[PDB]
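The file target_32.tsv contains TSV, C-alpha atoms and all ligand atoms:
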chain	number	residue	atom	x	y	z
W	1	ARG	CA	-26.31	-12.62	107.78
W	2	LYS	CA	-25.56	-13.57	104.19
W	3	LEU	CA	-26.10	-10.09	102.71
W	4	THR	CA	-23.33	-8.72	104.94
W	5	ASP	CA	-21.18	-11.65	103.76
W	6	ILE	CA	-21.35	-10.22	100.23
W	7	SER	CA	-20.52	-6.71	101.53
W	8	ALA	CA	-23.88	-5.43	100.31
W	9	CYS	CA	-26.77	-3.50	101.83
W	10	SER	CA	-29.39	-4.61	99.28
W	11	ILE	CA	-29.81	-6.01	95.78
W	12	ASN	CA	-31.53	-4.21	92.90
W	13	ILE	CA	-32.60	-6.38	89.96
W	14	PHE	CA	-33.19	-4.26	86.87
W	15	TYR	CA	-34.86	-5.66	83.80
W	16	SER	CA	-36.42	-4.64	80.52
W	17	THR	CA	-39.05	-6.63	78.65
W	18	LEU	CA	-41.09	-6.43	75.43
W	19	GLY	CA	-42.69	-9.89	75.30
W	20	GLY	CA	-42.81	-10.36	79.09
W	21	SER	CA	-40.38	-13.25	79.52
W	22	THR	CA	-37.46	-11.33	81.03
W	23	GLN	CA	-39.85	-9.99	83.66
W	24	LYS	CA	-40.74	-13.55	84.66
W	25	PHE	CA	-37.06	-14.50	84.69
W	26	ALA	CA	-36.24	-11.48	86.88
W	27	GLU	CA	-38.96	-12.50	89.36
W	28	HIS	CA	-37.51	-16.03	89.47
W	29	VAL	CA	-33.93	-14.82	90.00
W	30	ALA	CA	-35.17	-12.45	92.71
W	31	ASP	CA	-36.94	-15.28	94.55
W	32	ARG	CA	-33.84	-17.47	94.34
W	33	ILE	CA	-31.67	-14.69	95.83
W	34	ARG	CA	-34.21	-13.97	98.58
W	35	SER	CA	-34.07	-17.62	99.65
W	36	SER	CA	-30.31	-18.12	99.32
W	37	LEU	CA	-29.46	-14.98	101.30
W	38	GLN	CA	-32.61	-15.26	103.46
W	39	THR	CA	-33.33	-11.58	102.90
W	40	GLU	CA	-36.21	-9.40	101.78
W	41	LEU	CA	-33.80	-6.63	100.67
W	42	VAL	CA	-34.19	-7.48	96.98
W	43	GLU	CA	-35.97	-5.02	94.67
W	44	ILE	CA	-37.13	-5.72	91.11
W	45	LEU	CA	-37.15	-2.62	88.90
W	46	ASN	CA	-38.43	-2.20	85.33
W	47	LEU	CA	-35.96	0.00	83.45
W	48	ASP	CA	-38.77	1.50	81.38
W	49	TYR	CA	-40.60	2.98	84.39
W	50	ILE	CA	-37.89	4.23	86.77
W	51	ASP	CA	-35.91	7.47	86.71
W	52	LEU	CA	-32.62	6.22	85.28
W	53	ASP	CA	-30.77	9.27	86.62
W	54	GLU	CA	-31.68	8.23	90.17
W	55	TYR	CA	-29.99	4.83	89.75
W	56	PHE	CA	-27.25	5.18	87.11
W	57	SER	CA	-25.88	8.74	87.43
W	58	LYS	CA	-25.70	8.26	91.21
W	59	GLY	CA	-25.68	5.18	93.35
W	60	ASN	CA	-26.49	4.12	96.88
W	61	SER	CA	-23.33	2.88	98.58
W	62	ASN	CA	-22.92	-0.90	98.81
W	63	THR	CA	-25.92	-1.78	96.61
W	64	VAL	CA	-25.62	-4.68	94.14
W	65	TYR	CA	-27.03	-4.06	90.65
W	66	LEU	CA	-28.13	-7.12	88.68
W	67	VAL	CA	-29.23	-6.26	85.14
W	68	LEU	CA	-31.32	-8.82	83.20
W	69	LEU	CA	-31.72	-7.73	79.61
W	70	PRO	CA	-33.05	-9.24	76.37
W	71	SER	CA	-31.68	-8.00	73.06
W	72	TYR	CA	-33.72	-6.70	70.14
W	73	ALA	CA	-32.36	-5.99	66.67
W	74	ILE	CA	-35.27	-3.60	66.15
W	75	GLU	CA	-35.68	-0.23	67.86
W	76	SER	CA	-37.02	-0.66	71.39
W	77	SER	CA	-36.98	0.80	74.89
W	78	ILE	CA	-33.71	-1.06	75.53
W	79	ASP	CA	-32.08	1.44	73.16
W	80	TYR	CA	-33.07	4.22	75.54
W	81	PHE	CA	-31.54	2.46	78.56
W	82	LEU	CA	-28.25	2.00	76.72
W	83	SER	CA	-28.31	5.57	75.38
W	84	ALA	CA	-28.90	6.87	78.91
W	85	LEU	CA	-25.85	4.99	80.24
W	86	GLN	CA	-23.68	6.38	77.42
W	87	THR	CA	-24.96	9.93	77.94
W	88	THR	CA	-24.01	9.69	81.61
W	89	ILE	CA	-20.60	8.36	80.60
W	90	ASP	CA	-19.88	11.31	78.32
W	91	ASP	CA	-21.65	14.18	80.16
W	92	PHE	CA	-19.16	16.64	81.65
W	93	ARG	CA	-21.86	17.73	84.11
W	94	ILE	CA	-21.55	14.33	85.86
W	95	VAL	CA	-18.32	13.35	87.57
W	96	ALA	CA	-16.55	10.32	86.17
W	97	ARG	CA	-17.29	6.89	87.65
W	98	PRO	CA	-20.45	7.88	89.58
W	99	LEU	CA	-21.18	4.23	90.45
W	100	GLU	CA	-17.89	3.45	92.18
W	101	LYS	CA	-19.75	3.44	95.54
W	102	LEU	CA	-21.86	0.40	94.61
W	103	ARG	CA	-20.96	-3.05	95.82
W	104	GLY	CA	-20.88	-3.85	92.11
W	105	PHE	CA	-22.90	-5.20	89.21
W	106	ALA	CA	-23.48	-8.24	87.06
W	107	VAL	CA	-25.40	-8.64	83.78
W	108	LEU	CA	-27.41	-11.63	82.52
W	109	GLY	CA	-28.36	-11.48	78.85
W	110	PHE	CA	-31.20	-13.28	77.10
W	111	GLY	CA	-31.31	-13.73	73.35
W	112	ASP	CA	-32.16	-15.96	70.38
W	113	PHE	CA	-28.99	-17.81	69.36
W	114	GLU	CA	-30.73	-19.54	66.42
W	115	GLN	CA	-31.81	-16.37	64.61
W	116	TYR	CA	-29.18	-13.94	65.93
W	117	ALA	CA	-26.03	-16.04	66.25
W	118	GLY	CA	-22.93	-13.90	65.82
W	119	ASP	CA	-22.58	-10.18	66.49
W	120	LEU	CA	-26.22	-9.63	67.46
W	121	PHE	CA	-26.51	-12.41	70.07
W	122	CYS	CA	-27.29	-10.68	73.39
W	123	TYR	CA	-25.61	-7.61	71.96
W	124	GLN	CA	-27.49	-5.18	74.20
W	125	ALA	CA	-26.51	-7.12	77.33
W	126	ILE	CA	-22.92	-6.98	76.08
W	127	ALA	CA	-23.25	-3.20	75.71
W	128	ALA	CA	-24.80	-2.83	79.17
W	129	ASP	CA	-21.96	-4.84	80.73
W	130	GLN	CA	-19.38	-2.58	79.06
W	131	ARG	CA	-21.14	0.64	80.05
W	132	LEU	CA	-21.81	-0.19	83.70
W	133	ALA	CA	-18.07	-0.87	84.16
W	134	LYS	CA	-17.27	2.47	82.55
W	135	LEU	CA	-19.62	4.13	85.05
W	136	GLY	CA	-17.32	2.83	87.79
W	137	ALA	CA	-19.37	-0.08	89.09
W	138	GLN	CA	-17.19	-3.05	90.01
W	139	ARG	CA	-17.97	-6.04	87.80
W	140	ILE	CA	-18.76	-8.77	90.33
W	141	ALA	CA	-19.21	-11.62	87.84
W	142	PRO	CA	-18.63	-12.06	84.12
W	143	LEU	CA	-21.53	-11.45	81.76
W	144	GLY	CA	-23.93	-14.36	81.46
W	145	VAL	CA	-25.80	-15.17	78.25
W	146	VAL	CA	-28.84	-17.45	77.86
W	147	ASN	CA	-30.17	-18.82	74.56
W	148	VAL	CA	-33.94	-18.74	75.05
W	149	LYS	CA	-34.30	-21.11	72.09
W	150	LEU	CA	-33.15	-23.93	74.35
W	151	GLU	CA	-35.85	-25.98	76.03
W	152	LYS	CA	-37.42	-23.97	78.85
W	153	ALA	CA	-36.02	-26.39	81.41
W	154	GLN	CA	-32.52	-25.58	80.13
W	155	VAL	CA	-33.25	-21.83	80.18
W	156	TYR	CA	-34.15	-22.01	83.87
W	157	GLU	CA	-31.12	-24.08	84.87
W	158	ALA	CA	-28.92	-21.63	82.94
W	159	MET	CA	-30.27	-18.66	84.89
W	160	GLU	CA	-30.23	-20.56	88.21
W	161	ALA	CA	-26.62	-21.59	87.56
W	162	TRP	CA	-25.74	-17.96	86.80
W	163	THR	CA	-27.48	-16.79	89.98
W	164	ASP	CA	-25.59	-19.30	92.15
W	165	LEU	CA	-22.32	-18.39	90.44
W	166	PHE	CA	-22.99	-14.69	91.09
W	167	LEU	CA	-23.53	-15.32	94.79
W	168	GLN	CA	-20.21	-17.18	95.00
W	169	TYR	CA	-18.33	-14.38	93.21
W	170	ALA	CA	-20.07	-11.90	95.52
W	171	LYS	CA	-18.51	-13.60	98.55
A	1	LIG	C1	-38.04	-8.72	66.74
A	1	LIG	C2	-37.04	-9.49	67.57
A	1	LIG	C3	-35.68	-9.18	67.46
A	1	LIG	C4	-34.74	-9.86	68.22
A	1	LIG	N1	-33.40	-9.56	68.12
A	1	LIG	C5	-32.47	-10.25	68.87
A	1	LIG	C6	-31.12	-9.95	68.78
A	1	LIG	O1	-30.76	-9.05	68.01
A	1	LIG	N2	-30.20	-10.65	69.54
A	1	LIG	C7	-30.61	-11.66	70.39
A	1	LIG	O2	-29.79	-12.30	71.06
A	1	LIG	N3	-31.96	-11.96	70.49
A	1	LIG	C8	-32.88	-11.26	69.73
A	1	LIG	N4	-34.22	-11.56	69.84
A	1	LIG	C9	-34.59	-12.63	70.82
A	1	LIG	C10	-35.12	-11.95	72.10
A	1	LIG	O3	-34.11	-11.17	72.73
A	1	LIG	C11	-35.61	-13.01	73.07
A	1	LIG	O4	-36.78	-13.59	72.52
A	1	LIG	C12	-35.89	-12.47	74.47
A	1	LIG	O5	-36.10	-13.56	75.36
A	1	LIG	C13	-37.11	-11.56	74.50
A	1	LIG	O6	-37.32	-11.13	75.83
A	1	LIG	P1	-38.70	-10.50	76.37
A	1	LIG	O7	-39.80	-11.54	76.31
A	1	LIG	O8	-38.46	-10.05	77.80
A	1	LIG	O9	-39.09	-9.30	75.55
A	1	LIG	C14	-35.16	-10.87	69.09
A	1	LIG	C15	-36.51	-11.18	69.19
A	1	LIG	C16	-37.46	-10.49	68.44
A	1	LIG	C17	-38.91	-10.85	68.58
A	2	MG	MG	-39.19	-2.88	79.89
A	3	MG	MG	-35.92	-13.24	77.96
A	4	MG	MG	-33.60	-2.50	70.78
A	5	MG	MG	-29.41	-9.80	75.78
A	6	MG	MG	-21.58	-9.00	84.19
Here is a file; write its structure as structure tokens.
Amino acid sequence: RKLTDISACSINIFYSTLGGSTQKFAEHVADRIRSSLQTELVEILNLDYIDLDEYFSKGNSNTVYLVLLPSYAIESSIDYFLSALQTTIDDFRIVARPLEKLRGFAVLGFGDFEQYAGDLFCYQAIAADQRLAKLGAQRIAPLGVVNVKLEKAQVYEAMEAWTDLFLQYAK
């Protein structure tokens, strides 16, 4: 089986969304991974409605975490996700590197390169990528970033390319 080929027991796809698009993209990435690995062991999880302590201050051995995250320059629920990661990083009550037992992680960022070019472009996905590594999760693939101001056809090939690249790194 292909899941065992990537030394994983299952794949968790976390996302956050305000306008709904990242949720659709997460569903599409999930369906692509189900087909490629011919597995049903792929979960999609909305970061706003799960207990973050259950997934990011402790981790099921050999799980892959994919994190799909838009960035918002305004206050949003994504701020809470990032704050929760940092709190776990600094909290003496939690041992260091609690996610070292995972297979690993990879982050795919979505953002608006036309209005937020520069420091703000996919800045929260950048932060999430930095913080997951500090929690001890092995970075399986380098951070991906998608400019959603491209034509929608280009947005989908960008995320499908990233998904296929992740699966090759995961081998
Ligand atoms: C109010 C607002 C602020 C945004 N700020 C950023 C930003 O700081 N950096 C970035 O890359 N994209 C930014 N964007 C673009 C969004 O991240 C992008 O539209 C994303 O696809 C939204 O995802 P969603 O539909 O799942 O909520 C912003 C969009 C809005 C509406
Ligand atoms: Mg959300
Ligand atoms: Mg998006
Ligand atoms: Mg925000
Ligand atoms: Mg982003
Ligand atoms: Mg990454």
Q: Quick one: pull the distance between CA of residue 3 in chain W and CA of residue 31 in chain W, Å, one decimal.
A: 14.5 Å
Q.
Which residues are near ligand MG 3 (chain A) in this structure, taking near to mean any atom at most 7 Å from a ligand atom and counting only C-alpha atoms and all ligand atoms? Format them as number ranges by chain.
A. W: 21-22, 25, 70, 110-111, 148
Set out as a Markdown table a contact list for chain W and ligand MG 4 (chain A) with a cut-off of 8 Å, giving each residue of chain W that qualifies its closest atom pair and distance in Å to one decimal, counting only C-alpha atoms and all ligand atoms, ordered by chain and rising residue number.
| residue | atom | partner | partner_atom | distance |
| --- | --- | --- | --- | --- |
| W:71 | CA | A:MG4 | MG | 6.3 |
| W:72 | CA | A:MG4 | MG | 4.3 |
| W:73 | CA | A:MG4 | MG | 5.5 |
| W:74 | CA | A:MG4 | MG | 5.0 |
| W:75 | CA | A:MG4 | MG | 4.2 |
| W:76 | CA | A:MG4 | MG | 3.9 |
| W:77 | CA | A:MG4 | MG | 6.3 |
| W:78 | CA | A:MG4 | MG | 5.0 |
| W:79 | CA | A:MG4 | MG | 4.8 |
| W:124 | CA | A:MG4 | MG | 7.5 |
**Q.** Who sits within 12 Å of residue 145 in chain W, only C-alpha atoms, same chain under 6 positions skipped, as a PyMOL selection string
**A.** chain W and resi 67-71+106-113+121-126+129+155+158-159+161-163
Q. For ligand LIG 1 (chain A), which residue among W:99, W:143, W:26, W:64 is the nearest when counting all atoms listed in the file?
A. W:26
Could you model N, CA, C and O atoms for range 58-81 of chain W and present them as an mmCIF file, keeping the file's coordinate frame?
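Result saved to selection_31.cif:
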data_model
loop_
_atom_site.group_PDB
_atom_site.id
_atom_site.type_symbol
_atom_site.label_atom_id
_atom_site.label_comp_id
_atom_site.auth_asym_id
_atom_site.auth_seq_id
_atom_site.Cartn_x
_atom_site.Cartn_y
_atom_site.Cartn_z
ATOM 1 N N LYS W 58 -26.038 8.231 89.795
ATOM 2 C CA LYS W 58 -25.700 8.260 91.210
ATOM 3 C C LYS W 58 -26.098 6.915 91.786
ATOM 4 O O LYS W 58 -27.005 6.249 91.271
ATOM 5 N N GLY W 59 -25.415 6.509 92.844
ATOM 6 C CA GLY W 59 -25.680 5.180 93.350
ATOM 7 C C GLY W 59 -25.558 5.021 94.844
ATOM 8 O O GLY W 59 -24.588 5.487 95.450
ATOM 9 N N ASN W 60 -26.534 4.348 95.446
ATOM 10 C CA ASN W 60 -26.490 4.120 96.880
ATOM 11 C C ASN W 60 -25.330 3.195 97.226
ATOM 12 O O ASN W 60 -25.186 2.111 96.652
ATOM 13 N N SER W 61 -24.505 3.637 98.171
ATOM 14 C CA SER W 61 -23.330 2.880 98.580
ATOM 15 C C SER W 61 -23.705 1.450 98.944
ATOM 16 O O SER W 61 -24.709 1.205 99.618
ATOM 17 N N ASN W 62 -22.890 0.513 98.460
ATOM 18 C CA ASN W 62 -22.920 -0.900 98.810
ATOM 19 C C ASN W 62 -24.155 -1.620 98.291
ATOM 20 O O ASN W 62 -24.486 -2.678 98.799
ATOM 21 N N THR W 63 -24.844 -1.065 97.295
ATOM 22 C CA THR W 63 -25.920 -1.780 96.610
ATOM 23 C C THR W 63 -25.339 -2.650 95.483
ATOM 24 O O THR W 63 -24.403 -2.243 94.793
ATOM 25 N N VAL W 64 -25.910 -3.841 95.296
ATOM 26 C CA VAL W 64 -25.620 -4.680 94.140
ATOM 27 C C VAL W 64 -26.641 -4.385 93.049
ATOM 28 O O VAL W 64 -27.846 -4.345 93.319
ATOM 29 N N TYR W 65 -26.169 -4.182 91.822
ATOM 30 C CA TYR W 65 -27.030 -4.060 90.650
ATOM 31 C C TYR W 65 -26.933 -5.329 89.811
ATOM 32 O O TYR W 65 -25.866 -5.616 89.264
ATOM 33 N N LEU W 66 -28.033 -6.062 89.678
ATOM 34 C CA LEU W 66 -28.130 -7.120 88.680
ATOM 35 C C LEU W 66 -29.002 -6.610 87.537
ATOM 36 O O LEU W 66 -30.082 -6.050 87.773
ATOM 37 N N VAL W 67 -28.517 -6.755 86.308
ATOM 38 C CA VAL W 67 -29.230 -6.260 85.140
ATOM 39 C C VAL W 67 -29.547 -7.455 84.243
ATOM 40 O O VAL W 67 -28.629 -8.125 83.749
ATOM 41 N N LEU W 68 -30.841 -7.735 84.055
ATOM 42 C CA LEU W 68 -31.320 -8.820 83.200
ATOM 43 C C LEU W 68 -31.925 -8.177 81.959
ATOM 44 O O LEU W 68 -32.876 -7.387 82.047
ATOM 45 N N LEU W 69 -31.367 -8.490 80.797
ATOM 46 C CA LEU W 69 -31.720 -7.730 79.610
ATOM 47 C C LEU W 69 -31.844 -8.629 78.383
ATOM 48 O O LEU W 69 -30.903 -9.363 78.062
ATOM 49 N N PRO W 70 -32.975 -8.590 77.682
ATOM 50 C CA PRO W 70 -33.050 -9.240 76.370
ATOM 51 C C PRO W 70 -32.453 -8.302 75.334
ATOM 52 O O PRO W 70 -32.206 -7.123 75.601
ATOM 53 N N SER W 71 -32.173 -8.840 74.150
ATOM 54 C CA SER W 71 -31.680 -8.000 73.060
ATOM 55 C C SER W 71 -32.679 -8.002 71.908
ATOM 56 O O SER W 71 -33.300 -9.025 71.602
ATOM 57 N N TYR W 72 -32.835 -6.843 71.279
ATOM 58 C CA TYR W 72 -33.720 -6.700 70.140
ATOM 59 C C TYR W 72 -32.983 -6.005 69.012
ATOM 60 O O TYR W 72 -32.412 -4.932 69.218
ATOM 61 N N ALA W 73 -32.977 -6.623 67.830
ATOM 62 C CA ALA W 73 -32.360 -5.990 66.670
ATOM 63 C C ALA W 73 -33.189 -4.850 66.114
ATOM 64 O O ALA W 73 -32.687 -4.078 65.291
ATOM 65 N N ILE W 74 -34.435 -4.714 66.546
ATOM 66 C CA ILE W 74 -35.270 -3.600 66.150
ATOM 67 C C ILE W 74 -35.155 -2.508 67.208
ATOM 68 O O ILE W 74 -34.673 -2.738 68.313
ATOM 69 N N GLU W 75 -35.606 -1.301 66.873
ATOM 70 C CA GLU W 75 -35.680 -0.230 67.860
ATOM 71 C C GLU W 75 -36.626 -0.619 68.989
ATOM 72 O O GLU W 75 -37.693 -1.200 68.762
ATOM 73 N N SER W 76 -36.232 -0.290 70.215
ATOM 74 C CA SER W 76 -37.020 -0.660 71.390
ATOM 75 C C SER W 76 -36.602 0.230 72.551
ATOM 76 O O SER W 76 -35.664 1.027 72.454
ATOM 77 N N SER W 77 -37.302 0.060 73.675
ATOM 78 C CA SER W 77 -36.980 0.800 74.890
ATOM 79 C C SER W 77 -35.608 0.446 75.442
ATOM 80 O O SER W 77 -35.032 1.238 76.197
ATOM 81 N N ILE W 78 -35.065 -0.724 75.083
ATOM 82 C CA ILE W 78 -33.710 -1.060 75.530
ATOM 83 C C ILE W 78 -32.698 -0.088 74.951
ATOM 84 O O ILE W 78 -31.708 0.256 75.613
ATOM 85 N N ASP W 79 -32.937 0.402 73.728
ATOM 86 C CA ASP W 79 -32.080 1.440 73.160
ATOM 87 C C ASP W 79 -31.992 2.656 74.061
ATOM 88 O O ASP W 79 -30.920 3.266 74.189
ATOM 89 N N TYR W 80 -33.109 3.045 74.678
ATOM 90 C CA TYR W 80 -33.070 4.220 75.540
ATOM 91 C C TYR W 80 -32.223 3.976 76.780
ATOM 92 O O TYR W 80 -31.464 4.860 77.195
ATOM 93 N N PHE W 81 -32.365 2.799 77.402
ATOM 94 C CA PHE W 81 -31.540 2.460 78.560
ATOM 95 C C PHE W 81 -30.066 2.588 78.221
ATOM 96 O O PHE W 81 -29.304 3.231 78.948
#
